[PDB]
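Take a look at this one chain, the form solved without its partner chain, written out in structure tokens.
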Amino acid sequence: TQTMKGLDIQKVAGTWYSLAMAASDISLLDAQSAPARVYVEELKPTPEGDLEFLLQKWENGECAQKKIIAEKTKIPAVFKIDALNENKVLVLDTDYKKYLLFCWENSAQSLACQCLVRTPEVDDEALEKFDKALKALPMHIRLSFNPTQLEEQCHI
């Protein structure tokens, strides 16, 4: 999986909306509570060059929040979220101002990718770049959300 060259995380800070999602396996995304059914609400880079994700997910009939710190690695658009180097964040592309494409990757191979946007509207260009970036990847499910869902907790 190829990641962005020359990513500056200082330019990704702020609130985001998970516009579309895709995964290598149906059961990662299909259920409301599926393991990869996670909604990115905010990105916060640290001075150290780590990337904090503020996430929402449906559990046990309620929307829950979690902060995940993705730690910098030797590769500038690749972050680790465990000590065992099993789970990674891969940033594929961003124009900073409108959209950001990234994947969760687990190499115990599971892949769940998202198209994030800065404003809670459909961006056809962002969706097109998302689809193009996914062309090389073995995705078996894709989901996209309407503007109304983008503004509700857990995209209800």
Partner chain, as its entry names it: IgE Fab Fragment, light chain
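Numbering follows the first chain given and starts at 1.
| message | With respect to the deposited sequence, is there a break between residue 108 and residue 109 in this entry, and if so is it 1 to 3, 4 to 9, or 10 or more residues, or none at all? | response | Per the deposited record, the segment joining residue 108 and residue 109 lacks coordinates for 1 to 3 residues.
| task | Take the C-alpha B-factors listed in the entry for 44-52 and for 116-124, compute each mean, and give the stretch with the larger one. | result | Taking the mean C-alpha B-factor of 44-52 and of 116-124, the larger value falls to 44-52.
| request: May I ask you to compare 89-97 and 66-74 by their mean CA B factor in the entry and name the higher one? | output: In the deposited entry, the stretch with the higher C-alpha B-factor mean is 66-74.
| Peak C-alpha temperature factor (PDB record), options 9, 136, 19, 23 | Each of 9, 136, 19, 23 was compared by C-alpha B-factor; the highest is 136.
| So where's residue 33 on the chain's Cα temperature factor ranking, which third? | For residue 33, whose C-alpha B-factor we compare with every modelled residue in the chain, the answer is the middle third.
The form solved in complex with its partner chain is left out here; the points below concern that form.
| request: Please state whether every one of the three residues 44, 52 and 56 places a non-hydrogen atom within 4.5 angstroms of its partner chain in the deposited bound form. | output: Yes.
| message | in the deposited bound form, does residue 48 come within 4.5 Å of its partner chain, counting heavy atoms only? | response | No - in the deposited bound form, heavy atoms of residue 48 and its partner chain never come within 4.5 Å of each other.
| residue 153 within 4.5 Å of its partner chain in the deposited bound form, heavy atoms | Yes, residue 153 lies within 4.5 Å of its partner chain in the deposited bound form.
| query | Which of the residues spanning 56-85 lie within 4.5 Å of its partner chain in the deposited bound form, based on heavy atoms? | reply | Heavy-atom contacts within 4.5 Å come from 56, 62, 63, 64, 65, 67.
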